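Taken in sequence, the protein lines are chains A and B. Residue numbering for the first sequence follows the UniProt record's numbering, beginning at 8 and increasing consecutively. Residue numbering for the second sequence follows the UniProt record's numbering, beginning at 1 and increasing consecutively. From the three backbone atoms N, C-alpha and C, an ideal C-beta is built for every residue, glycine too.
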Amino acid sequence: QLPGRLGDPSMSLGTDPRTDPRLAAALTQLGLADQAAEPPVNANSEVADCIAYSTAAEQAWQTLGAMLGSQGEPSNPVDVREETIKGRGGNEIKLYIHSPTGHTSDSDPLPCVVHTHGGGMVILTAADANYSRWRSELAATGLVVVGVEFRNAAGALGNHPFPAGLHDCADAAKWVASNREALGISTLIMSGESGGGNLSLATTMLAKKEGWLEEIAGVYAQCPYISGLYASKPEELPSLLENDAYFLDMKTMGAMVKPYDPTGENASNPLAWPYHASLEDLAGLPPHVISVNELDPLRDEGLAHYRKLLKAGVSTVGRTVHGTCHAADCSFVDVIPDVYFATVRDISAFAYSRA
Amino acid sequence: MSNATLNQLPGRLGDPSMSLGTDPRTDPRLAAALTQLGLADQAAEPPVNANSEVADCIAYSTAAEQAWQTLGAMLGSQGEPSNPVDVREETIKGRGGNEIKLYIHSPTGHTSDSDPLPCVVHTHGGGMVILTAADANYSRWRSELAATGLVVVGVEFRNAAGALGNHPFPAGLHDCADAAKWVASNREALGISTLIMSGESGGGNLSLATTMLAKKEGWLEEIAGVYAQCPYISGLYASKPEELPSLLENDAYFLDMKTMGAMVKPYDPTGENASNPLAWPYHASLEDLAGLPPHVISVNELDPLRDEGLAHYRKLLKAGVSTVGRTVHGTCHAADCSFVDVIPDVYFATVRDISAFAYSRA
């Protein structure tokens, strides 16, 4: 039979034979293994209702991130410092800069990851414990990691639709590229997951459009949230049906699209939704890695974008992380540490490979 | 399913005439290279199959060996690692008294007095029937791994056919295990900090099976992990079970099922080991896998062997083994092990992943 809900509409992460059983047990304990509940909003809801719902969901998701990320620390010591820069429009952008203890401007320079966190570009913050933990685990492998606190479409850092968060990520990356000696860095890659995978991809396309593409040496985009088509459910993206309500329901995502682009006038704009890029948007981009999760409704738009990058002549590696729901290898360090650290090491090795 | 559409099953499940050259999933750089080499179209049906006599399967395998070795030389001999590597040869004694040659690759200047490096004991592919550790693609692979800061031991094990034949199961398995035991007994002399098994296809089979044999023989503690690429582990290529759709979906993507069905026979001429997990790890029970050290299973997307590798990844997890499972997209069988000049980013992504895993076990 067909996998997931294509073969059995009642299947869930908890009953799907593909799920890593350690992850399935943890999700079951968290109440996240069954099919996700139908949300009170959807893509036909009022923008104000979608914003209010997203703002309500933010604290719940932040608590989950705190549970998953705060129970440990890297085995190598890491320093974190805060910096504030000014965006193109004059707003202040907070940066969290993670580095191995004892790394200075006088050390041998290290590769740099500018990290753009997930949350559908709508909610969550760089200060959340799971994202702080991720940036410190990356730094502990021998990296300088810059976590961007960009504006969100909703929630505590809201309410700023496209392209506010994108401009903040671009301005932060430009600042990093202009401060390589001070930070002690040798190369710069963009990396992030889900909405952060969107923002890392779009920041790089924007750098091409703004003429500073040479500053970015590569992109490592995890489970990218890049089609915006969760209301439509297109034929080209079977995972949207196959893994629907695996952690995220399609109605929830259809509602969360609206705060990012309330008029829908950027639905086909690749800077908002990279899946819609033309080959011309992608020509000349630096090497990319696209890493998708097997049991993720977003899997197939990530793989489609992997293929489009290749068709545009970009050097691209494509990976599926098996047994995982959406973004599980970014968070569940206490449950599937071998998977989590396999991804940490893969990102670090890629960053070093660009130096 | 993955990378497909709701109106069309992937590969030959949706279009029986599809090939690596026309499949929308193929990395276009790889598709272009295969087209230029004449290997993008569906592979030709072989002159032997699962109904042929064993002697005929051996003779065909011996003939095909030279062709595959020449392809490996075309792909592997055009360059060298960007970090300098030393290669030395050592000969050891197998349990039955045969000599086993080892090719030992290490960074130049690494000695018994250096800080110790992780070690990869590498078991090459060829269906356990053909190809040798001295082939240019395998030598290149071991040196590229060594260049990342590893000691890499290439095992020249006995084959079921070809130049190193004709030795059915369990000859090659015993050679790999004895090589691993020797490495584990010479850590100081080699200057190594940990030992992992790694290999692709028939070599993925042998790395998996060597580790299960180590469990059965009581020296499992010597092996810190296994990185098995596109493993050739079911032996079911004649049957085409419905549990393994990739066998139909990607049939004749480089390898046709009849060729693989024929290659089973030299490994196990009597068929009496068809369900023996040491010969065909896919048939392991949960108790065969309990207690194994951490595994990485890495499969290729457009590979007829993909689904038996993924099935084994899931069984390892059922048995409580810490296991990471990866699909390398856009690639035919073992392409990330060989096509360094065509898809170098994919090739070196796998090289870096194996090296990082080896370091993670030290």
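Within the region 325-337 of chain B, the residues whose Cβ lies closer than 7 Å to some Cβ of chain A are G325, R326, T327, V328, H329 and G330, listed in chain order. Residue-level contact by beta carbon holds for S2(B) and chain A, with a gap shorter than 8 Å. The beta-carbon distance between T323(B) and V299(B), rounded to whole angstroms, is 13 Å. This is too long to meet the 8 Å contact definition. Of the candidates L206(A), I100(A), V129(A) and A163(A), the residue whose Cα lies closest to the Cα of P269(A) is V129(A).
Against chain A, the beta carbon of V129(B) has no neighbour under 8 Å; the closest one sits roughly 29 Å away. DSSP links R326(B) through a beta bridge to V328(A) and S298(B).
Under the three-state reduction of DSSP output, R88(A) falls in the strand class. Between the region 192-206 of chain A and the region 122-138 of chain A, the count of C-beta pairs closer than 8 Å reaches three or more; the two stretches touch. Of all residues in the region 345-360 of chain A, only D345, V346, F348, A349, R352, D353, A356 and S360 place a beta-carbon less than 7 Å from a beta-carbon of chain B. One thing to note: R88(B) has its Cβ no nearer than 8 Å to the Cβ of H174(B). Comparing alpha carbon positions, the residue from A290(B), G225(B), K240(B) and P277(B) closest to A362(B) is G225(B). For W280(B), the closest alpha carbon among the candidates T211(B), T91(B) and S106(B) is that of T211(B). Only residues of its own chain outside the window of five on either side were considered, and among them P277 have a CB closer than 6 Å to the CB of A284(B), listed in chain order.
When only Cα atoms are considered, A209(A) and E242(B) end up about 42 Å apart. Against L117(B), chain A offers no close residue; the least beta-carbon distance is about 16 Å (beta-carbon pairs closer than 8 Å). Approximately 6 Å separates the beta-carbon atoms of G21(B) and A31(B); this is inside 8 Å, confirming the contact. A Cβ-Cβ separation of about 6 Å places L302(B) in contact with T331(B) under the 8 Å criterion.
Look at the beta carbons and you see the region 154-172 of chain B not touching the region 334-353 of chain B: under three pairs across the two are nearer than 8 Å.
Taking a beta-carbon distance threshold of 8 Å, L317(B) counts as an interface residue toward chain A. Distance from the CA atom of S360(B) to the CA atom of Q78(A), rounded to whole angstroms, is 21 Å.
Between the alpha carbons of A73(B) and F348(B) lies a gap of roughly 18 Å.
Distance check between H333(B) and each of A146(B), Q8(B), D15(B) and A40(B) places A40(B) closest, using alpha-carbon atoms only.
For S322(B), at least one C-beta of chain A is nearer than 8 Å to its own C-beta. Looking at the DSSP output, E200(A) bridges to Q229(A). Rounded to whole angstroms, the separation of the alpha carbons of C230(B) and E221(A) is 36 Å. Taking a C-beta cut-off of 7 Å against chain A, the contacting residues of the region 6-17 of chain B are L6 and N7, listed in chain order. Here DSSP, grouped into helix, strand and coil, assigns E217(A) to helix.
If the five residues before and after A63(B) are omitted, its C-beta is found closer than 8 Å to no C-beta atom of its own chain. Contact check for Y232(A) and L316(A): beta-carbon distance about 16 Å, past the 8 Å limit, so the pair fails to qualify. Sorting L190(B), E90(B), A179(B) and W68(B) by C-alpha distance to the C-alpha of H110(B) places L190(B) at the top.
The beta-carbon of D27(B) is placed less than 8 Å from the nearest beta-carbon of chain A. Measuring C-alpha to C-alpha distances from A160(A) to each of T132(A), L213(A), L75(A) and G320(A) identifies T132(A) as the nearest. Taking a 10 Å sphere around the C-beta of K93(B), we find fewer than 16 other C-beta atoms and assign the residue as exposed. Sequence-distant partners of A50(A) (beyond 5 residues in either direction) whose C-beta falls short of 8 Å from its own C-beta, in its chain, are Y237, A238, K258, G261, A262, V264 and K265. Classified as buried, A147(B) has 16 or more neighbouring CB atoms from the shown chains inside 10 Å of its CB. Unbroken alpha helix (DSSP H) runs of no fewer than 4 residues, entirely contained in the region 238-266 of chain A, are found at 246-249, following chain order.
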